[PDB]
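Positions of Cβ are backbone-derived with ideal geometry, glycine not excepted, and every protein chain shown enters the neighbour counts. What follows is calculated from the coordinates using simple rules that are stated; it is not laboratory data.
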Amino acid sequence: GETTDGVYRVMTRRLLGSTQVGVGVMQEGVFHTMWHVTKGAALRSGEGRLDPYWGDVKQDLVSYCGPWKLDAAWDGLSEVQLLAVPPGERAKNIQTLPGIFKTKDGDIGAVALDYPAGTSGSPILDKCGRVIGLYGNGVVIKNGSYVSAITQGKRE
Amino acid sequence: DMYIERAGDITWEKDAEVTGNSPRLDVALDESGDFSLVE
Ligand SMILES: O=C(NC1CCOCC1)[C@H](Nc1ccc2c(c1)CNC2)c1cc(Cl)cc2[nH]ncc12
């Protein structure tokens with residue numbers, strides 16, 4: 001159905017009314033989202049059907065219709081924008097300077113912004129509008145606030 | 001069944017709301033894809 005590039009809401013009709021469970025990025029005919037949003041299940045776009053193509057629970061990512069297409073990376077210095085798509089609310093750009101997640105396997109960027117769980121999968125962008133990762137997998141710190149990793153996949 | 005709905009273009013907005021801090025955190029990632037704070 002709808003294959004236009006852009007940001008999309010991932011909805012369900014299983015719970016009360018219509019519920020937004022996450023968000024995704026359509027790019028080069030491929031739908032990219034977080035694994036915990038869909039759990040690998042098939043998606044619908046009007047009459048069209050999107051089937052999972054690649055996914056990994058540890059990276060918390062999943063692609064539909066083709067391999068992962070997003071490869072831009074945070075430069076480690078510049079401010080970025082979270083294109084937040086909250087449930088029942090309009091898409092909104094929020095600019096912030098990322099922090100760092102230090103892990104035994106290396107450093108990852110981190111965006112310290114609080115949004116409902118249904119915002120998971122919203123893209124993080126660089127100054128050229130390129131998707132450097134998805135927001136929606138992270139940690140809750142001391143004051144009860146949320147810090148998301150800048151989760152990016154590997155392009156083949 | 002899950003479905004998708006378009007919500008907008010992917011573009012950088014000049015003069016967007018600037019907010020949020022930049023913490024340096026020690027974290028661990030388990031096999032289930034869950035991050036946790038290491039202290
Ligand atoms: O980061 C999250 N989950 C916790 C946060 C700290 O404890 C461990 C994992 C939420 N998403 C999510 C849920 C299920 C799984 C995963 C990610 C990956 N593995 C399965 C989540 C998203 C958003 Cl956008 C906001 C949020 N606030 N609190 C939570 C929250």
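Quick notes on this one:
- Region A:115-156, relative contact order [Cα under 8 Å, separation at least 6], %: 30 percent
- Under 11 Å, Cβ to Cβ, from B:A16 - net charge with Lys/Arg +1 and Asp/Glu -1: -2
- Per-peptide average of other Cβ atoms within 10 Å, ordering A:5-12, A:50-57, A:124-131 highest first: A:5-12, A:124-131, A:50-57
- Cα gyration tensor shape for region A:80-149, rounded if a/c is under 1.5, else prolate or oblate: oblate
- In terms of its alpha-carbon gyration tensor, region A:6-64 comes out oblate; a/c meets the 1.5 threshold, while b/c is at least as large as a/b.
- Model label points for A:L97 and A:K58, set 7 angstrom from Cα along the Cα-to-Cβ axis, are 3.3 nm apart.
- For A:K102, net neighbour charge (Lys/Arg +1, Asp/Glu -1) across residues whose Cβ lies under 9 Å away: 0
- Model label points for A:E79 and A:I141, set 7 angstrom from Cα along the Cα-to-Cβ axis, are 1.8 nm apart.
- Label point 7 Å beyond Cα of B:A28 along Cβ direction - residues of region A:92-113 with amide nitrogen under 14 Å: A:103-105
- Exposure proxy order (Cβ contacts within 10 Å, fewest to most) of B:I4, A:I141: A:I141, B:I4
- Per-residue shielding of A:100-110, expressed as the average number of other chain Cβ atoms within 10 Å of the residue Cβ, stands at 4.
- By the beta-carbon count within 10 Å of each Cβ, the least crowded to most crowded order of A:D75, B:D15, fewest first, is B:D15, A:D75.
- Order by protection proxy (mean Cβ within 10 Å, highest first), peptides B:20-32, A:58-70: A:58-70, B:20-32
- Cα convex hull of the protein assembly as shown - mean projected area over all directions, nm²: 10.8 nm²
- On the beta carbon distance between A:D71 and B:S36, with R0 = 25 Å, the FRET formula returns roughly 0.35.
- Fewest-first ranking of A:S148, A:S45, using other Cβ atoms within 10 Å as the exposure measure: A:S45, A:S148
- For region B:1-17, the residues whose amide N sits under 12 Å from a probe point set 7 Å from the Cα of A:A41 along the beta carbon direction are B:1-4.
- Listed residues A:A110, A:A91, A:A41, most fluctuating in chain A (Gaussian network, C-alpha, under 10 Å): A:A41
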